[PDB]
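Text of the file start-v4.csv, holding CSV, C-alpha atoms and all ligand atoms:
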chain,number,residue,atom,x,y,z
A,1,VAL,CA,-5.0,159.7,-163.5
A,2,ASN,CA,-4.9,163.5,-163.3
A,3,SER,CA,-2.2,166.2,-163.1
A,4,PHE,CA,-2.5,167.3,-159.5
A,5,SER,CA,0.9,166.8,-157.8
A,6,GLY,CA,2.3,166.8,-154.3
A,7,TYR,CA,-1.1,166.3,-152.5
A,8,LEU,CA,-1.5,164.3,-149.3
A,9,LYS,CA,-4.4,161.8,-149.6
A,10,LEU,CA,-6.9,162.2,-146.7
A,11,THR,CA,-9.7,159.9,-147.9
A,12,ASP,CA,-10.8,158.0,-151.0
A,13,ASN,CA,-11.8,161.3,-152.6
A,14,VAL,CA,-10.2,164.2,-150.7
A,15,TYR,CA,-6.6,165.4,-151.1
A,16,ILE,CA,-4.8,168.4,-149.5
A,17,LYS,CA,-1.7,170.5,-150.2
A,18,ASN,CA,0.0,173.6,-148.8
A,19,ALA,CA,-0.3,175.7,-151.9
A,20,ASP,CA,-1.4,179.1,-153.3
A,21,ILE,CA,-4.6,178.3,-155.2
A,22,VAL,CA,-3.8,180.9,-157.7
A,23,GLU,CA,-0.4,179.4,-158.5
A,24,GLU,CA,-1.9,175.9,-158.5
A,25,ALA,CA,-4.7,176.9,-160.8
A,26,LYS,CA,-2.2,178.6,-163.2
A,27,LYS,CA,-0.1,175.4,-163.4
A,28,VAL,CA,-2.8,172.7,-163.5
A,29,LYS,CA,-5.5,174.5,-165.5
A,30,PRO,CA,-8.1,172.4,-163.8
A,31,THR,CA,-11.6,171.9,-165.3
A,32,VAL,CA,-13.0,173.6,-162.2
A,33,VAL,CA,-11.5,176.0,-159.6
A,34,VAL,CA,-13.7,176.9,-156.7
A,35,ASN,CA,-13.9,180.6,-155.5
A,36,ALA,CA,-14.7,181.5,-152.0
A,37,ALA,CA,-17.4,183.9,-153.1
A,38,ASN,CA,-20.0,186.2,-151.4
A,39,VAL,CA,-23.6,186.6,-152.6
A,40,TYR,CA,-22.8,189.8,-154.5
A,41,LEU,CA,-19.7,188.2,-156.3
A,42,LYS,CA,-17.7,191.2,-155.0
A,43,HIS,CA,-14.2,189.7,-155.1
A,44,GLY,CA,-12.4,192.1,-152.8
A,45,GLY,CA,-10.1,190.0,-150.7
A,46,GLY,CA,-9.2,186.6,-149.4
A,47,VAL,CA,-9.2,183.8,-152.0
A,48,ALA,CA,-11.7,185.7,-154.2
A,49,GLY,CA,-9.6,188.9,-154.3
A,50,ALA,CA,-6.6,186.9,-155.2
A,51,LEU,CA,-8.3,184.9,-157.9
A,52,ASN,CA,-9.8,188.0,-159.4
A,53,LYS,CA,-6.5,189.9,-159.3
A,54,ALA,CA,-4.9,187.0,-161.2
A,55,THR,CA,-7.6,187.4,-164.0
A,56,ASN,CA,-6.7,191.1,-164.3
A,57,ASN,CA,-10.3,191.9,-163.0
A,58,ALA,CA,-12.0,190.0,-165.8
A,59,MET,CA,-13.6,187.7,-163.2
A,60,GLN,CA,-15.2,190.8,-161.5
A,61,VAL,CA,-16.4,192.2,-164.9
A,62,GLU,CA,-18.1,188.9,-165.7
A,63,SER,CA,-19.5,188.7,-162.2
A,64,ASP,CA,-21.0,192.2,-162.3
A,65,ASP,CA,-22.9,191.2,-165.4
A,66,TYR,CA,-24.1,188.0,-163.8
A,67,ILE,CA,-25.4,189.9,-160.8
A,68,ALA,CA,-27.1,192.6,-162.9
A,69,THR,CA,-29.0,189.8,-164.7
A,70,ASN,CA,-29.7,187.3,-162.0
A,71,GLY,CA,-29.4,189.1,-158.6
A,72,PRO,CA,-27.4,187.8,-155.6
A,73,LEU,CA,-26.6,184.2,-154.9
A,74,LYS,CA,-27.9,182.5,-151.8
A,75,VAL,CA,-25.7,181.7,-148.8
A,76,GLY,CA,-24.9,178.0,-149.4
A,77,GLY,CA,-25.4,178.5,-153.2
A,78,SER,CA,-23.2,178.7,-156.2
A,79,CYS,CA,-22.9,179.6,-159.9
A,80,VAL,CA,-20.6,178.4,-162.7
A,81,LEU,CA,-18.8,181.2,-164.6
A,82,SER,CA,-15.7,181.3,-166.7
A,83,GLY,CA,-12.3,180.2,-165.2
A,84,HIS,CA,-10.6,182.9,-167.4
A,85,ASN,CA,-6.8,182.2,-167.4
A,86,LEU,CA,-7.0,180.0,-164.4
A,87,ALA,CA,-9.3,177.1,-165.2
A,88,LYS,CA,-12.0,176.1,-167.7
A,89,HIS,CA,-14.7,177.1,-165.2
A,90,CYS,CA,-14.9,178.8,-161.9
A,91,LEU,CA,-17.5,177.5,-159.4
A,92,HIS,CA,-18.3,180.5,-157.2
A,93,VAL,CA,-19.5,179.0,-153.9
A,94,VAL,CA,-20.9,181.0,-151.0
A,95,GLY,CA,-20.0,179.6,-147.6
A,96,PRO,CA,-21.5,181.3,-144.5
A,97,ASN,CA,-19.5,184.3,-143.3
A,98,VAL,CA,-19.2,184.0,-139.5
A,99,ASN,CA,-18.1,187.7,-139.4
A,100,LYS,CA,-21.6,188.5,-140.8
A,101,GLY,CA,-23.5,186.1,-138.4
A,102,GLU,CA,-24.5,183.5,-141.0
A,103,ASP,CA,-25.5,180.0,-139.9
A,104,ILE,CA,-22.6,177.6,-139.9
A,105,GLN,CA,-25.0,174.7,-140.8
A,106,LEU,CA,-25.1,176.3,-144.3
A,107,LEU,CA,-21.5,175.1,-144.7
A,108,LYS,CA,-22.7,171.6,-145.6
A,109,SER,CA,-25.1,173.1,-148.2
A,110,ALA,CA,-22.2,175.1,-149.7
A,111,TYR,CA,-20.0,171.9,-150.0
A,112,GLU,CA,-22.9,170.0,-151.7
A,113,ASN,CA,-22.3,172.2,-154.8
A,114,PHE,CA,-19.0,170.4,-155.3
A,115,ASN,CA,-20.9,167.1,-156.0
A,116,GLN,CA,-22.0,168.5,-159.3
A,117,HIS,CA,-18.4,168.4,-160.6
A,118,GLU,CA,-16.3,165.2,-160.9
A,119,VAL,CA,-13.0,166.9,-160.0
A,120,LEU,CA,-12.3,170.3,-158.4
A,121,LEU,CA,-9.4,172.5,-157.1
A,122,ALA,CA,-10.8,174.3,-154.1
A,123,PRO,CA,-10.1,176.2,-150.9
A,124,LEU,CA,-11.6,175.4,-147.5
A,125,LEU,CA,-15.0,177.0,-147.5
A,126,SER,CA,-15.8,179.6,-144.9
A,127,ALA,CA,-12.1,179.6,-143.7
A,128,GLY,CA,-9.8,182.7,-143.7
A,129,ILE,CA,-11.7,186.0,-143.7
A,130,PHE,CA,-15.1,184.2,-143.6
A,131,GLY,CA,-14.3,183.4,-139.9
A,132,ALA,CA,-15.1,179.7,-139.5
A,133,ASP,CA,-12.8,177.1,-137.9
A,134,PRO,CA,-10.8,175.5,-140.8
A,135,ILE,CA,-10.6,172.2,-139.0
A,136,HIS,CA,-14.4,172.1,-139.0
A,137,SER,CA,-14.5,173.1,-142.6
A,138,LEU,CA,-12.3,170.2,-143.6
A,139,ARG,CA,-14.5,167.8,-141.6
A,140,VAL,CA,-17.6,169.0,-143.4
A,141,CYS,CA,-15.8,168.8,-146.7
A,142,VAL,CA,-14.8,165.1,-146.1
A,143,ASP,CA,-18.3,164.2,-144.9
A,144,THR,CA,-20.2,166.0,-147.7
A,145,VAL,CA,-18.1,166.0,-150.9
A,146,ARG,CA,-18.2,162.7,-152.8
A,147,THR,CA,-16.4,163.9,-156.0
A,148,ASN,CA,-12.7,164.3,-156.2
A,149,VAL,CA,-11.5,167.5,-154.4
A,150,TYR,CA,-8.0,168.9,-154.3
A,151,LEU,CA,-7.8,171.3,-151.4
A,152,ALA,CA,-5.2,174.1,-151.5
A,153,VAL,CA,-4.3,175.6,-148.1
A,154,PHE,CA,-2.3,178.8,-148.4
A,155,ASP,CA,-0.9,178.9,-144.8
A,156,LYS,CA,1.8,176.3,-144.1
A,157,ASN,CA,1.2,176.5,-140.3
A,158,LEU,CA,-2.5,175.8,-140.9
A,159,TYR,CA,-1.9,173.1,-143.4
A,160,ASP,CA,0.3,171.2,-140.9
A,161,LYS,CA,-2.4,171.6,-138.2
A,162,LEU,CA,-5.2,170.4,-140.5
A,163,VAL,CA,-3.1,167.2,-141.3
A,164,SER,CA,-2.0,166.5,-137.8
A,165,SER,CA,-5.5,166.8,-136.3
A,166,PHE,CA,-7.3,164.9,-139.1
A,167,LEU,CA,-9.3,162.0,-137.9
B,1,LIG,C1,-6.0,183.2,-141.0
B,1,LIG,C2,-6.0,182.8,-142.5
B,1,LIG,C3,-5.1,183.2,-143.5
B,1,LIG,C4,-5.4,182.6,-144.6
B,1,LIG,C5,-6.5,181.8,-144.4
B,1,LIG,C6,-7.3,180.9,-145.3
B,1,LIG,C7,-7.6,179.6,-144.6
B,1,LIG,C8,-6.4,178.8,-144.4
B,1,LIG,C9,-6.8,177.5,-143.6
B,1,LIG,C10,-5.8,178.4,-145.7
B,1,LIG,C11,-5.5,179.6,-146.5
B,1,LIG,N1,-6.6,180.6,-146.6
B,1,LIG,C12,-7.1,181.2,-147.9
B,1,LIG,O1,-8.0,181.9,-147.9
B,1,LIG,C13,-6.4,180.8,-149.2
B,1,LIG,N2,-6.2,179.5,-149.5
B,1,LIG,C14,-5.7,179.1,-150.6
B,1,LIG,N3,-5.1,180.0,-151.5
B,1,LIG,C15,-5.2,181.3,-151.2
B,1,LIG,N4,-4.8,182.4,-152.0
B,1,LIG,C16,-5.1,183.5,-151.3
B,1,LIG,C17,-5.7,183.2,-150.1
B,1,LIG,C18,-5.8,181.8,-150.1
B,1,LIG,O2,-6.8,181.9,-143.1

What would you get if you wrote out this structure as structure tokens?
Ligand SMILES: Cc1ccc([C@@H]2C[C@@H](C)CCN2C(=O)c2ncnc3[nH]ccc23)o1
Amino acid sequence: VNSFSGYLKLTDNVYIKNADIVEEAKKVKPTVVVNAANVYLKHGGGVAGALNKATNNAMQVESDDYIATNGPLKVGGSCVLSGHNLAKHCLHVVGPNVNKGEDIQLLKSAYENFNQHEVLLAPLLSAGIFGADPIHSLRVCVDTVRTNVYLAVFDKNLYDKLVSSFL
């Protein structure tokens, strides 16, 4: 039993809710919140900008030190950093950004990072300002992630479409 509330169950291990991931993280304090990161960990907008704003920019400060030491992530890759006031840990995962021309096949590699964590609160990777079809992202999630994932979808209209079209 865990504290996630109000989710629709899609499969054995994937759950979905119309929610603001920032507000959901603030209430649940999950072990892991996933950030929709880029390779530079520049948290300017979308989910990343919102998560970073909620940490009062502490996420960005920590991320800049990470990059200065380690260099950029790979598209499809991830790193574990602090969850600050939102979660124990933040798993920064880089899905391909279609608006930069990155290969959508890398979306499966991106979701594979979730399998290193037993339970996660997450957005749909490569959705929103990353330009991919969220219906496709949900399909890849379900077919790739084997651990327990709680997906927060900010847009109510999109949430209803994802549910109604789910196979
Ligand atoms: C066109 C459009 C607008 C928004 C989005 C994306 C994808 C859709 C499918 C879900 C919501 N989205 C997020 O990025 C998101 N999700 C959860 N919590 C968030 N908090 C701040 C942003 C945010 O796409």

Between CA of residue 154 in chain A and atom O2 of ligand LIG 1 (chain B), distance in Å (one decimal): 7.6 Å

Polymer residues at most 7 Å from range 99-114 of chain A, only C-alpha atoms, same-chain spacing of 6 or more positions, as a VMD selection string: chain A and resid 76 to 78 93 130 to 131 140 to 141 144 to 145

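If you measure from each of A:39, A:32, A:132, A:19 to residue 74 in chain A using only C-alpha atoms, the closest one turns out to be A:39.
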
What residues have any atom no more than 7 Å from ligand LIG 1 (chain B) when counting all atoms listed in the file, and can you list them as a JSON list (two decimals) with C-alpha atoms, in the coordinates of the input?
[["chain", "number", "residue", "atom", "x", "y", "z"],
["A", 19, "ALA", "CA", -0.30, 175.70, -151.90],
["A", 20, "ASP", "CA", -1.40, 179.10, -153.30],
["A", 21, "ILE", "CA", -4.60, 178.30, -155.20],
["A", 22, "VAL", "CA", -3.80, 180.90, -157.70],
["A", 46, "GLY", "CA", -9.20, 186.60, -149.40],
["A", 47, "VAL", "CA", -9.20, 183.80, -152.00],
["A", 50, "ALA", "CA", -6.60, 186.90, -155.20],
["A", 123, "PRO", "CA", -10.10, 176.20, -150.90],
["A", 124, "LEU", "CA", -11.60, 175.40, -147.50],
["A", 127, "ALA", "CA", -12.10, 179.60, -143.70],
["A", 128, "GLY", "CA", -9.80, 182.70, -143.70],
["A", 129, "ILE", "CA", -11.70, 186.00, -143.70],
["A", 134, "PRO", "CA", -10.80, 175.50, -140.80],
["A", 152, "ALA", "CA", -5.20, 174.10, -151.50],
["A", 153, "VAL", "CA", -4.30, 175.60, -148.10],
["A", 154, "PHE", "CA", -2.30, 178.80, -148.40],
["A", 155, "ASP", "CA", -0.90, 178.90, -144.80],
["A", 158, "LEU", "CA", -2.50, 175.80, -140.90],
["A", 159, "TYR", "CA", -1.90, 173.10, -143.40]]

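Across A:1, A:58, A:41, A:151, the tightest approach to residue 85 in chain A is made by A:58 when counting only C-alpha atoms.
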
Pairwise distance for CA of residue 60 in chain A and CA of residue 25 in chain A, rounded to one decimal in Å: 17.4 Å

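Minimum atom-to-atom distance to residue 121 in chain A, evaluated using only C-alpha atoms, belongs to A:2 out of A:69, A:157, A:2, A:97.
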
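The environment of residue 84 in chain A within 9 Å, counting only C-alpha atoms and disregarding residues fewer than 6 places along the same chain, consists of residues 55, 58, 59 and 90 of chain A.
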
Spatial neighbours of residue 139 in chain A, 10 Å, only C-alpha atoms, chain gap at least 3 places, as a ChimeraX atom specification: /A:108,134-136,142-144,162,166-167

Serialized selection, C-alpha atoms, as a compact mmCIF listing (two decimals), in the coordinates of the input:
# COMPACT_ATOMS: atom_id res chain seq x y z
CA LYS A 108 -22.70 171.60 -145.60
CA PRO A 134 -10.80 175.50 -140.80
CA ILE A 135 -10.60 172.20 -139.00
CA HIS A 136 -14.40 172.10 -139.00
CA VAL A 142 -14.80 165.10 -146.10
CA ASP A 143 -18.30 164.20 -144.90
CA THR A 144 -20.20 166.00 -147.70
CA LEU A 162 -5.20 170.40 -140.50
CA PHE A 166 -7.30 164.90 -139.10
CA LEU A 167 -9.30 162.00 -137.90

What are the closest atom pairs, with distances in Å to one decimal, for all residues of range 52-148 of chain A lying within 12 Å of range 3-8 of chain A? Consider all atoms listed in the file, order rows by chain and residue number, and present the result as CSV.
residue,atom,partner,partner_atom,distance
A:119,CA,A:4,CA,10.5
A:120,CA,A:4,CA,10.3
A:121,CA,A:4,CA,9.0
A:148,CA,A:4,CA,11.1

Export: range 50-158 of chain A, C-alpha atoms, as a PDB file, in the first residue's frame:
ATOM      1  CA  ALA A  50       7.794  24.195 -12.724  1.00  0.00           C
ATOM      2  CA  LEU A  51       9.625  21.695 -10.492  1.00  0.00           C
ATOM      3  CA  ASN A  52      12.646  23.973 -10.238  1.00  0.00           C
ATOM      4  CA  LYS A  53      10.491  27.011  -9.388  1.00  0.00           C
ATOM      5  CA  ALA A  54       8.859  25.008  -6.587  1.00  0.00           C
ATOM      6  CA  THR A  55      12.356  24.377  -5.114  1.00  0.00           C
ATOM      7  CA  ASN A  56      13.118  28.135  -5.128  1.00  0.00           C
ATOM      8  CA  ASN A  57      15.866  27.431  -7.737  1.00  0.00           C
ATOM      9  CA  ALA A  58      17.728  24.969  -5.465  1.00  0.00           C
ATOM     10  CA  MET A  59      17.252  22.268  -8.112  1.00  0.00           C
ATOM     11  CA  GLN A  60      19.010  24.489 -10.680  1.00  0.00           C
ATOM     12  CA  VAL A  61      21.893  25.301  -8.311  1.00  0.00           C
ATOM     13  CA  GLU A  62      22.455  21.601  -7.598  1.00  0.00           C
ATOM     14  CA  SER A  63      22.134  20.772 -11.302  1.00  0.00           C
ATOM     15  CA  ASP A  64      24.713  23.370 -12.352  1.00  0.00           C
ATOM     16  CA  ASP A  65      27.240  21.806  -9.968  1.00  0.00           C
ATOM     17  CA  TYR A  66      26.393  18.341 -11.359  1.00  0.00           C
ATOM     18  CA  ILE A  67      27.023  19.481 -14.948  1.00  0.00           C
ATOM     19  CA  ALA A  68      30.220  21.323 -14.057  1.00  0.00           C
ATOM     20  CA  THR A  69      31.568  18.063 -12.591  1.00  0.00           C
ATOM     21  CA  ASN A  70      30.140  15.448 -14.969  1.00  0.00           C
ATOM     22  CA  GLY A  71      29.221  17.166 -18.229  1.00  0.00           C
ATOM     23  CA  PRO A  72      25.894  16.767 -20.014  1.00  0.00           C
ATOM     24  CA  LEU A  73      23.635  13.768 -19.840  1.00  0.00           C
ATOM     25  CA  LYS A  74      22.856  11.615 -22.879  1.00  0.00           C
ATOM     26  CA  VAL A  75      19.487  11.810 -24.616  1.00  0.00           C
ATOM     27  CA  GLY A  76      17.762   8.745 -23.174  1.00  0.00           C
ATOM     28  CA  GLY A  77      19.855   8.971 -19.998  1.00  0.00           C
ATOM     29  CA  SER A  78      19.286  10.088 -16.435  1.00  0.00           C
ATOM     30  CA  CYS A  79      20.832  11.064 -13.136  1.00  0.00           C
ATOM     31  CA  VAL A  80      19.611  10.928  -9.543  1.00  0.00           C
ATOM     32  CA  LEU A  81      19.797  14.190  -7.599  1.00  0.00           C
ATOM     33  CA  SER A  82      18.049  15.576  -4.537  1.00  0.00           C
ATOM     34  CA  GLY A  83      14.280  15.892  -4.489  1.00  0.00           C
ATOM     35  CA  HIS A  84      14.611  19.037  -2.350  1.00  0.00           C
ATOM     36  CA  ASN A  85      11.228  19.923  -0.798  1.00  0.00           C
ATOM     37  CA  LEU A  86       9.313  17.797  -3.320  1.00  0.00           C
ATOM     38  CA  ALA A  87      10.560  14.208  -2.881  1.00  0.00           C
ATOM     39  CA  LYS A  88      13.458  12.274  -1.425  1.00  0.00           C
ATOM     40  CA  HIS A  89      15.115  12.057  -4.856  1.00  0.00           C
ATOM     41  CA  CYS A  90      14.608  13.560  -8.289  1.00  0.00           C
ATOM     42  CA  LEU A  91      15.317  11.283 -11.239  1.00  0.00           C
ATOM     43  CA  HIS A  92      16.212  13.675 -14.071  1.00  0.00           C
ATOM     44  CA  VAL A  93      15.365  11.790 -17.286  1.00  0.00           C
ATOM     45  CA  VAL A  94      16.106  13.108 -20.783  1.00  0.00           C
ATOM     46  CA  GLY A  95      13.506  12.097 -23.327  1.00  0.00           C
ATOM     47  CA  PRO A  96      14.111  13.034 -26.967  1.00  0.00           C
ATOM     48  CA  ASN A  97      12.980  16.549 -27.885  1.00  0.00           C
ATOM     49  CA  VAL A  98      11.200  16.409 -31.252  1.00  0.00           C
ATOM     50  CA  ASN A  99      11.548  20.223 -31.538  1.00  0.00           C
ATOM     51  CA  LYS A 100      15.363  19.592 -31.666  1.00  0.00           C
ATOM     52  CA  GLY A 101      15.083  16.649 -34.137  1.00  0.00           C
ATOM     53  CA  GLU A 102      16.051  13.832 -31.710  1.00  0.00           C
ATOM     54  CA  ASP A 103      15.220  10.230 -32.480  1.00  0.00           C
ATOM     55  CA  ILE A 104      11.897   9.139 -30.969  1.00  0.00           C
ATOM     56  CA  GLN A 105      13.188   5.615 -30.583  1.00  0.00           C
ATOM     57  CA  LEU A 106      15.236   7.035 -27.698  1.00  0.00           C
ATOM     58  CA  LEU A 107      11.974   7.377 -25.777  1.00  0.00           C
ATOM     59  CA  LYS A 108      12.107   3.682 -24.839  1.00  0.00           C
ATOM     60  CA  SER A 109      15.667   4.084 -23.527  1.00  0.00           C
ATOM     61  CA  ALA A 110      14.501   7.087 -21.486  1.00  0.00           C
ATOM     62  CA  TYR A 111      11.689   5.101 -19.846  1.00  0.00           C
ATOM     63  CA  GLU A 112      14.069   2.212 -19.044  1.00  0.00           C
ATOM     64  CA  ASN A 113      15.621   4.472 -16.387  1.00  0.00           C
ATOM     65  CA  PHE A 114      12.378   4.165 -14.408  1.00  0.00           C
ATOM     66  CA  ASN A 115      13.032   0.426 -13.886  1.00  0.00           C
ATOM     67  CA  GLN A 116      15.852   1.253 -11.456  1.00  0.00           C
ATOM     68  CA  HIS A 117      13.242   2.572  -8.965  1.00  0.00           C
ATOM     69  CA  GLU A 118      10.468   0.544  -7.360  1.00  0.00           C
ATOM     70  CA  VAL A 119       7.927   3.416  -7.266  1.00  0.00           C
ATOM     71  CA  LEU A 120       7.935   6.791  -9.081  1.00  0.00           C
ATOM     72  CA  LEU A 121       5.796   9.869  -9.617  1.00  0.00           C
ATOM     73  CA  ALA A 122       6.388  10.966 -13.200  1.00  0.00           C
ATOM     74  CA  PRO A 123       5.214  13.001 -16.187  1.00  0.00           C
ATOM     75  CA  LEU A 124       4.857  11.554 -19.668  1.00  0.00           C
ATOM     76  CA  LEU A 125       8.341  11.724 -21.165  1.00  0.00           C
ATOM     77  CA  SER A 126       8.832  13.784 -24.318  1.00  0.00           C
ATOM     78  CA  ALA A 127       5.298  15.234 -24.019  1.00  0.00           C
ATOM     79  CA  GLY A 128       4.462  18.919 -23.722  1.00  0.00           C
ATOM     80  CA  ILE A 129       7.197  21.224 -25.002  1.00  0.00           C
ATOM     81  CA  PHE A 130       9.352  18.220 -25.984  1.00  0.00           C
ATOM     82  CA  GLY A 131       7.006  17.783 -28.944  1.00  0.00           C
ATOM     83  CA  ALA A 132       6.148  14.066 -28.967  1.00  0.00           C
ATOM     84  CA  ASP A 133       2.649  12.599 -29.163  1.00  0.00           C
ATOM     85  CA  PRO A 134       1.562  11.953 -25.541  1.00  0.00           C
ATOM     86  CA  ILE A 135      -0.536   8.948 -26.635  1.00  0.00           C
ATOM     87  CA  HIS A 136       2.646   7.380 -27.992  1.00  0.00           C
ATOM     88  CA  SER A 137       4.558   8.290 -24.839  1.00  0.00           C
ATOM     89  CA  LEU A 138       1.962   6.529 -22.685  1.00  0.00           C
ATOM     90  CA  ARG A 139       2.153   3.423 -24.884  1.00  0.00           C
ATOM     91  CA  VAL A 140       5.959   3.305 -24.600  1.00  0.00           C
ATOM     92  CA  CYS A 141       5.678   3.821 -20.839  1.00  0.00           C
ATOM     93  CA  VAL A 142       3.276   0.902 -20.409  1.00  0.00           C
ATOM     94  CA  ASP A 143       5.366  -1.350 -22.658  1.00  0.00           C
ATOM     95  CA  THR A 144       8.724  -0.439 -21.039  1.00  0.00           C
ATOM     96  CA  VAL A 145       8.306   0.371 -17.346  1.00  0.00           C
ATOM     97  CA  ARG A 146       7.877  -2.657 -15.086  1.00  0.00           C
ATOM     98  CA  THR A 147       8.107  -0.833 -11.750  1.00  0.00           C
ATOM     99  CA  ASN A 148       5.183   1.059 -10.247  1.00  0.00           C
ATOM    100  CA  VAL A 149       4.674   4.400 -11.981  1.00  0.00           C
ATOM    101  CA  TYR A 150       2.156   7.084 -11.064  1.00  0.00           C
ATOM    102  CA  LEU A 151       1.711   9.423 -14.022  1.00  0.00           C
ATOM    103  CA  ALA A 152       0.575  13.008 -13.476  1.00  0.00           C
ATOM    104  CA  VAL A 153      -0.995  14.706 -16.506  1.00  0.00           C
ATOM    105  CA  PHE A 154      -1.448  18.457 -16.053  1.00  0.00           C
ATOM    106  CA  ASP A 155      -3.969  19.065 -18.847  1.00  0.00           C
ATOM    107  CA  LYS A 156      -7.462  17.723 -18.115  1.00  0.00           C
ATOM    108  CA  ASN A 157      -8.383  17.599 -21.804  1.00  0.00           C
ATOM    109  CA  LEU A 158      -5.269  15.545 -22.533  1.00  0.00           C
TER     110      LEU A 158
END
